[PDB]
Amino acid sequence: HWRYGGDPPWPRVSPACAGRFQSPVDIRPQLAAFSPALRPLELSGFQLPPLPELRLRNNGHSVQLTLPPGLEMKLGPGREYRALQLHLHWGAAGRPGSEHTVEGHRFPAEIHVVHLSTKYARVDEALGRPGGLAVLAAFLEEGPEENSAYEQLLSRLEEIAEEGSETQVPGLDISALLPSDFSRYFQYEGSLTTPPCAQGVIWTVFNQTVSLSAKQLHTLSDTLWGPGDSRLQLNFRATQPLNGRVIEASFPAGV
């Protein structure tokens, strides 16, 4: 009815998942259109105080952190957004699980911060409308040191190991979960990557990654359980054909 790696393949139950402009996609940087209109991203309100706490929950498909009101993200003139939630996609032991790929390369994991256009008061109004939702996406890679910002979330996974369980976590700097380079990114129009696969979503994928320790990546991929009694692993959708869409780059590809 809705699960990674099997049946139903999604269009049988959610026809919009067979649309022509779906996400995620494979990014080929030498083929992206360099677009100097794409200026550095602007975030405000992402540095949260310790109280009030946020909600962290295992929904069977990911771990999702609900963000409080007041987080603003600007992609450019006329493209202002309010953050709603973030969640992650990952693989398993020795197997990467990012959703986007770069030249076919899959990264260990990926963070998605989902936002609602300021044109709309409610998510339901914005579904399927061009630009109504925007997602910021960054790849997570292995580095040598523990990532202190991620540890605030990863240390709480054990208590929400069971599908459907929830907890509360202190406010933290949400921007410290994202790359520091706000100037280099790719952007394209796609869809939600889970059913109902609604189109019109503006995807922004940072070029720079974030680094977590090997232990932290194991904690992320190995702690949670999903539907039935499977481990919550490999929770990524396969990449989708561009079907003529152009991916834009905010920076000149190096090579």
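From 1 onward, residues are counted along the sequence shown.
A.B. asks: Of 27 to 35 and 199 to 207, which one has the bigger average CA B-factor?
C.D. replies: Per the deposited B-factors, the answer is 27 to 35.
A.B. asks: Check the entry's C-alpha temperature factors for 129 to 137 and 91 to 99, then say which stretch has the higher mean.
C.D. replies: Result of the comparison: 91 to 99.
A.B. asks: Splitting the chain's C-alpha B-factors into thirds, which one does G171 fall into?
C.D. replies: It falls in the middle third of the chain.
A.B. asks: Going by the recorded CA B-factors, say which third of the chain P40 sits in, lowest, middle or highest.
C.D. replies: Its C-alpha B-factor, which the entry lists for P40, ranks in the lowest third among residues of this chain.
A.B. asks: Based on the deposited C-alpha B factors for this chain, I'd like to know if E146 is in the lowest, middle or highest third.
C.D. replies: Its C-alpha B-factor, which the entry lists for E146, ranks in the highest third among residues of this chain.
A.B. asks: Taking only the Cα B-factors deposited for this chain, tell me whether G164 sits in the lowest, middle or highest third.
C.D. replies: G164: CA B-factor falls in the highest third of its chain.
A.B. asks: Can you tell me which third, lowest, middle or highest, the CA B-factor of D124 falls into for its chain?
C.D. replies: As the PDB entry reports it, the C-alpha B-factor of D124 lands in the highest third of its chain.
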